[PDB]
Amino acid sequence: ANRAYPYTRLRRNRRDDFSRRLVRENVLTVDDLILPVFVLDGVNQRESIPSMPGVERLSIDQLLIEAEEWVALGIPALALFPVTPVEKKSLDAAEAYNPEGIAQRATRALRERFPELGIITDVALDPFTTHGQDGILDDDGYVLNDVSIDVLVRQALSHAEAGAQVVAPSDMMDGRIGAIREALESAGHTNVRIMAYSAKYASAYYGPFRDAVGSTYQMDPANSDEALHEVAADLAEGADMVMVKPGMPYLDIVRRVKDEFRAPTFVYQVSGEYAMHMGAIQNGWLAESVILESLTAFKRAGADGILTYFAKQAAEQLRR
Amino acid sequence: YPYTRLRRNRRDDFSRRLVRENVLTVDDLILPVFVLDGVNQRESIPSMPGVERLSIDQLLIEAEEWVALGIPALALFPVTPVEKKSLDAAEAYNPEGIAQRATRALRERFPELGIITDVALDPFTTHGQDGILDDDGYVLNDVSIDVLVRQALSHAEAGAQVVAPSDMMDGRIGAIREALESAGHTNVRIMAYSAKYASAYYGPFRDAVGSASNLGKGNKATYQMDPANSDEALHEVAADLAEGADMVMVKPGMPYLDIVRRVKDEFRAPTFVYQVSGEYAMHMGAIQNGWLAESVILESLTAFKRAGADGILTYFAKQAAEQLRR
Amino acid sequence: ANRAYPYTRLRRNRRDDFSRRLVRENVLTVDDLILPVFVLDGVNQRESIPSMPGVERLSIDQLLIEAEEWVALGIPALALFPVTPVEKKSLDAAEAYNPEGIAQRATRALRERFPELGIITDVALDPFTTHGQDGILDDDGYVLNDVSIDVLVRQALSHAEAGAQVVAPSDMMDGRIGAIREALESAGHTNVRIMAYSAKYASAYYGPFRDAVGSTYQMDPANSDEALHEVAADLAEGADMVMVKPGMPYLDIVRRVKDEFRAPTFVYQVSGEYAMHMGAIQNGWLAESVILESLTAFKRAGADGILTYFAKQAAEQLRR
Amino acid sequence: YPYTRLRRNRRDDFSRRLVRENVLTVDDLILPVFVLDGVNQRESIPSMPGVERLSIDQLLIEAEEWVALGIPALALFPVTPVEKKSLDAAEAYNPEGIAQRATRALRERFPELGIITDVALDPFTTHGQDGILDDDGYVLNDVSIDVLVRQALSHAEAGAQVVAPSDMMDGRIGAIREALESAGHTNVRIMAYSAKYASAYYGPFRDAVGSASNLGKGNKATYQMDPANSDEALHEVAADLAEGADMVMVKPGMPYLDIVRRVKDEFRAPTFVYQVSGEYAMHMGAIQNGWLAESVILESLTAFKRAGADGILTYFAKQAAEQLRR
Amino acid sequence: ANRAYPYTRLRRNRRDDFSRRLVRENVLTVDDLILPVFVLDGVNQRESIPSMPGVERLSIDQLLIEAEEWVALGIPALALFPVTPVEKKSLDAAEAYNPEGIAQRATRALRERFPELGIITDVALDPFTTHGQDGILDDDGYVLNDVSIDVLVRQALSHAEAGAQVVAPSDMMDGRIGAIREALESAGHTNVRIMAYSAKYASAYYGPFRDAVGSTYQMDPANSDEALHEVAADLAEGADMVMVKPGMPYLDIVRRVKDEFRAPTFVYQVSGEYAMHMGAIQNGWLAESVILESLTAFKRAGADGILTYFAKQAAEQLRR
Amino acid sequence: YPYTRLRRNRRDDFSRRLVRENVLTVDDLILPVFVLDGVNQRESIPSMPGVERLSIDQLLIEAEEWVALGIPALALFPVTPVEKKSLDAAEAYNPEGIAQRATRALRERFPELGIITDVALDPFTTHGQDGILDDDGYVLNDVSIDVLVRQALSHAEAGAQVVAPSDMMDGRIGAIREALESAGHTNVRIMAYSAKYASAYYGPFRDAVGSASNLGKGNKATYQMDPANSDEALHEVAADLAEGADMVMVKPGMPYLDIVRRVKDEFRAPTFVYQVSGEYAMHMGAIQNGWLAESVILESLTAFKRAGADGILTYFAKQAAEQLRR
Ligand SMILES: [Mg+2]
Ligand SMILES: [Mg+2]
Ligand SMILES: [Mg+2]
């Protein structure tokens, strides 16, 4: 310590590329990327999403075609988000555990064609209920929890049966991680991993996602200590990996979570973060180098893995 | 869970308010402003929707409302005429330069408003770099400090309460402090840009200030920090505190919230953060497109307080102050 | 570090109001205030309390009138303290769980008229026993605990049935938080919060409160490490929020509790603290700015919420 | 367990990659090279299988591939002719010495390649010690610093971007920094060998550089650190940082990984480690015998990153860079 | 602090042997050494191992002869590794719990002849299965765990019955430490210690060991935080001592484990570490003083005990 | 428990040895010796059973066995003749004083044995205080430092490898270091008595050295530390390290083990402890009475290692070294 100018000039290591490379503390690699994908029900179709320029909803045959290039680029995993047809939404959310639902069909197709690619499914009831609430309601509109926990467990088990290696309770509820963990073990799916959405905030950054998928419990953005209690509870319940969401607006949370628990920590660069960046890049306001700058921030902040709609572009860039 | 259900405190608005850990107030806001030469001039900046370059007379008119909203301070950025740019950056310490003239006008009209001047040579050089170049094109450190010290003394003479060296030369905070003390400017605060990274988020600002064409495709990797580095920011801030800074800053902002958190935790000193032009533009573009709700503005600024910042330099300051006044 | 005069002059940030505001580390807001209220049994009555100048016991119709202004000022919650008529005090403390007791009637009235206002009820047997001890005694005068735990559970459930959002075991006993937590869950009151009086000291500052309400277990004032063990036990038993009491005389405890547990921490500025301040203000010895100075100390010390008889005055001042 | 089975993340390659905590890249590699006098000379070193001593012309040819593989820097070690060794170590600062000549040649041919010169008198003394001896045979500290400072200035004059004092004299980092600053060598980095132990793992290097016969059975216990001590390394590194080092190093490497970890955790500064000659030789001997698979090379280098090093001086650098390029 | 040259010259304590001895922070003693031994099935035989120069496989009568000198040198314990004849390897691994298996016979012989010498047996199924996997497989080749846990428990109990004072689940599995701990207690072997191979990496340094014994679950070398979670789980399951393996390539892990848990920590200087050092010593590339240098590194790094094939040589040297 | 029974590792000798956290070795021992003037003199000390005052010739004879046992160093304490005591303590720096003569004799006879001389004026003053008194009877700080510096230079001139200021004057470590550096005594170590308390355990030493009658009922509360204070010891040690001490010491020993532990944990520097005369006497009296077994000697010395000391000044050093040699 006691470093003082001019004995210490911090620009000396910045003088040349070689010394900036030798002291460089972090680096993003393709091992850090997870690509979220919106999956349609039909055959031979793609749809553009107005608020997520460059992102497409894909039927499963199209998903398989694009996955050939994602696998060649080395992306380790995908996170699937089905786009449920409105006629499949119900009150009992039976579509969540249908072995022929989009998520289950997509995961069987991908596990068969690309055996080493990781598939992370979404465990939640909101994409399948007519009302759009994440749970089954009683006559007055209040959540019945064990009826809902029951369908979620059937959902997670159906994902495990389709071959998913990871399930992600994307909900922000209590009791689900343990029930799913317990049910998977109970049913013999001992190596299915549970990626919990641990510190998930009530945020305006999810806007574009509601367009993509066709749609009191999320955390207050002001709170930071509360996120550590959320992650601790998920860890205690058996989560294998924990996630912070949204991402860049919560980088201080990523840093605190990694420092406190030293566990596998993930971060979601959500639809609104992607949309802001891409709109600015397309308008000529920001250079495309901001994509890698934003992703290296997650590594510097302490994330092991990043769910990002820029995964393909970033993997292509990681070459330079 | 079941004993500990964290949803209980979240159930109702009253209990969420009681347990809310951080709050954004107008005391935390600093508004950066782009100032033009001449009279009765107002110019839109396409890459910063909603922001205008203003001549001093127009700045004084707009500042009446910034003061009424209670914004504590402005950060001035002069839009130097192309013909006043040179290799020696001498316009940086001209007593009749835009920054100096704007400072005297604002200090007279609004005595309680804080004026934070920019100490840096980028608005004044033909090449757009923040210091003086040697014959190999390197930004010289100590020769640049000599010009920055002359610049900071000129701002103190104009009445600025705070000078903010945004240059990233090593040792400049101590040089400027020594010069201010020697000259009797005992209470001029120095707001150091301590951990300032070599980023792509500054694009729109280069357009706003008129340095974009001068810099061209140039980079500042020999002085601004590598985005990959976090421990190094602690060493930058420690030096600036030992050299006499009254406030230390992290820049850019949202992409570096982890740095704000480490800096506040390690040094427990007045910590500031800049929500830069590219952060403003990306949000504004998405809000205008209808992709993000307007509530994202306060959410973005709340993140800086949660991460540990005391004050935030933000182009959203007027809008945020209007929304907080509710 | 290595900050030294005259390079570092700490008065520079204090030179002007604008720079004092920019570096100001804490601020009190109306979101931090909880107002305790003494509730009478009758109709159209108020009583002055000699040792708490300016504070009044209020019948429920008067309470509703005053609550209109507390709600307009933004105060988030009230803590109710019934003033039990002597003819309702018994040996079995049945009045504690009477659905027509003052606390239950007051909470139903307030929950119906002001649905967003939080109500924190007092769970304790002392206001309802003839002897004034917080528990039911056996023939020799010794506490029978499960008979007492039983009535306290009926009490907390009766509060939950009346609509209380928060119950506060204001006792300083062991076993109660868990029994109440367990009983509320068991009965379906899953979102009722439990605000534990965790570090509550044996103190002379409660004097005036005994006048207001008509009335071996509290902590020794010398002890600080002991308070952390008290808070840890309440947290383990399911408390949603933890409180230190009294307040200003124990600000070091507030700081240690927030630092150690990072949980929602509350502090009671008790009747004697209020009385000392108000007597000095009324005598012209202290300016009224001391009220906000005393309340900002709780925020600086680490409290999230403050139970204070000055809540109305403070909310009115928070404007300047 | 059963809830927490740590084997779940280990089950598949994709999940092992997602949770992998550290990675080795070519940015982390520094290749040490032994340089001969003369022209068209290449010599094998029996105790360092696969490593050759090279004349400058041969070094320039081999460096074309080191540069193509992206290795950031070389660390030069001159093989001084026996007749140029003396009590005064004057060849250490000869402008026409091997290190000086090699540096000028490499700086001209490969402008972006980092050149790290060795500041130490062991290649130049008749006795093989790293400093000047007094009449009792003790290695004098301050008289040795005077020669090391002349040596470091000569390397800066030859164009080295980094000088690395590997001598273990007290206070030499500050003396060398002061001399570099006074002479205007503002940006010459100083890579201090901070916690360098008195070890048996240096045997093969003494053969490679030609100091083995000069040192004989001599020891360096009055200056290199006792292998038993760990807290003492923190005091060595603290002094070198206060004296102005830009990088600090632990040496040897694998036998001292605990020291690398404590040094990175305590100071959060650029931390380097040397996988010394004896570590290289023991691995190479076992790999050639078929006792260890070739995958041990990357496993050994991954350990340095896991332990906290930013950069690694390793004789395996070319092989490792070839394997990483996949 | 604030130590600065020339007031502080760190060479002053290094000037003389006496002051280097007074400030010397660590020292290796014979109390720190554990010698691993490869045991053959027959009588009056020894075999040289090509990739471990100087190490020999020993029949039990030869083992007893060599143990006389190990005991005279003060070595506290041996770790036995039987060399199973191929005709004893099966699918059910019954040889693991045979009371007449090499390990059991060797431990009864040593416990009877040298009552104070500690014996650490290896609990694992890999030396006894035809396939060489550490577990019993079902028809498709997948591990059946309770059949395997069952034989391992019989194995550990058979070791305890033969007189072993320590058993070492050398596996890298979950559930075994607890089952063995539970079974030993259940059976009355309350003082048998369990030395867990806690942080055991997937490494190339085990090469020579496969030659010596005739032969998804081991840790990734890149991970360090993961090792702390591994050690914590073993401690929670009842391990008496925890070990890091391999050794010198993982000294940073030894340091973190000792610092985090402050528990009895052991480290294995594996076959490849021994082979590299001995090959270099025999080639004249390294002096034999490197053996003690390598072993003092383990003490400096925080190990209490070291499993090392150099134990005999080191104990002989510890005299100088 | 039952899973975790801490008795399991304790069950057998082999497992207790494997988990044993600390060990005492002869490397940790320093033997204090009381030296007389004259020839062929040996005197028993009733309050320190087993300890003798020895003339230099007798000291050289006894030191042959201390050296054979491997004890690293001696700490010399001269038994000044009554007639050589004065107000100015000039005998402290007499080149022909007992300490100076004993040092030259031992350095010649046993070149590898460490000699630690005592820097303090208590053996030389008529009043027994460790410094010079003013007219109010106060022990002057800076005037005392001037005499201690002359004393320490005389010990360095006599050949002592270590001087140990046991005086408790503020700032003396830095004064002595500056004087040693200025005079070229570069490698003379300074073993500071850093946290030395005003204790009743020193009684027997005052008898051994002959200062007891001079001090009478006097006290040293204006300079030695109050036994109640622990945080203050950290401030004493920090100053002595910043002033250049090579080793820092806590004294007395067993009654202050908590201070040894805090000092090693806080500073991670070479830490020494003195098992003072009264600790020796109380143990010896109990052992001779048959109240405590002789095994208490090693138990007492093991406590210092467990508490964090690297070295121990103990009158039991010969006995302990004999017992460790087993
Ligand atoms: Mg700086
Ligand atoms: Mg050094
Ligand atoms: Mg002192």
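Per Swiss-Prot, chain B residues shown: 10-335, in order.
Looking at the header, which is where the method is noted, we find X-ray crystallography, 1.7 Å.
Even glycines carry a Cβ here, placed using N, Cα and C.
The Cβ neighbour count for B:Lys205 (active site, schiff-base intermediate with substrate), using a 10 Å radius and every protein chain shown, is 26. Look at Swiss-Prot and you will find B:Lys205 (among others) tagged as active site, schiff-base intermediate with substrate.
Per Swiss-Prot, the feature active site, schiff-base intermediate with substrate maps to B:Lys260 (among others); the stated evidence is experimental evidence. Following the DSSP three-state reduction, the secondary structure of B:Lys260 (active site, schiff-base intermediate with substrate) is strand. Counting every protein chain shown, 26 other Cβ atoms lie within 10 Å of the Cβ of B:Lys260 (active site, schiff-base intermediate with substrate).
Annotation source Swiss-Prot lists 5-aminolevulinate 1 binding site at B:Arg215, B:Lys229, citing experimental evidence. For B:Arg215 (5-aminolevulinate 1 binding site), applying a Cβ distance below 8 Å and a minimum sequence separation of six or more within one chain yields B:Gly137, B:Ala221, B:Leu224.
Neighbour count (other Cβ atoms within 10 Å of the Cβ, all protein chains): 22 for B:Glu245 (Mg(2+) binding site). Sequence annotations record features per position, and here Swiss-Prot assigns Mg(2+) binding site to B:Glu245 based on experimental evidence.
According to Swiss-Prot, the feature 5-aminolevulinate 2 binding site maps to B:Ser286, B:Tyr324. Around B:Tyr324 (5-aminolevulinate 2 binding site), taking its Cβ as the centre, 27 other Cβ atoms fall within 10 Å, counting all chains.
Neighbours of B:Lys205 (active site, schiff-base intermediate with substrate) among the recorded positions B:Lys260, B:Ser286, B:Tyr324, defined as a Cα within 10 Å of its Cα, are B:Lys260. B:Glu245 are the recorded positions among B:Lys205, B:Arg215, B:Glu245, B:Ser286, B:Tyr324 whose C-beta comes within less than 6 Å of an atom of ligand 1, given in sequence order.
Applying an under-8 Å Cβ distance to chain A, the recorded positions B:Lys205, B:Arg215, B:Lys229, B:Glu245, B:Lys260, B:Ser286 reduce to B:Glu245. Sorting the binding-site residues B:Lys229, B:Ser286 by the number of other Cβ atoms within 10 Å puts B:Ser286 first. Per Cα geometry, B:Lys260 is the residue among the recorded positions B:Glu245, B:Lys260, B:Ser286, B:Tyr324 nearest to B:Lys229 (5-aminolevulinate 1 binding site). Between the CA atoms of B:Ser286 (5-aminolevulinate 2 binding site) and B:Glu245 (Mg(2+) binding site) there is a gap of 23 Å. Cα of B:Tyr324 (5-aminolevulinate 2 binding site) to Cα of B:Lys260 (active site, schiff-base intermediate with substrate): a span of 14 Å. DSSP classifies B:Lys229 (5-aminolevulinate 1 binding site) as coil under the three-state reduction.
Across the structure, B:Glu245 (Mg(2+) binding site) and B:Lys260 (active site, schiff-base intermediate with substrate) place their CA atoms 12 angstrom apart.
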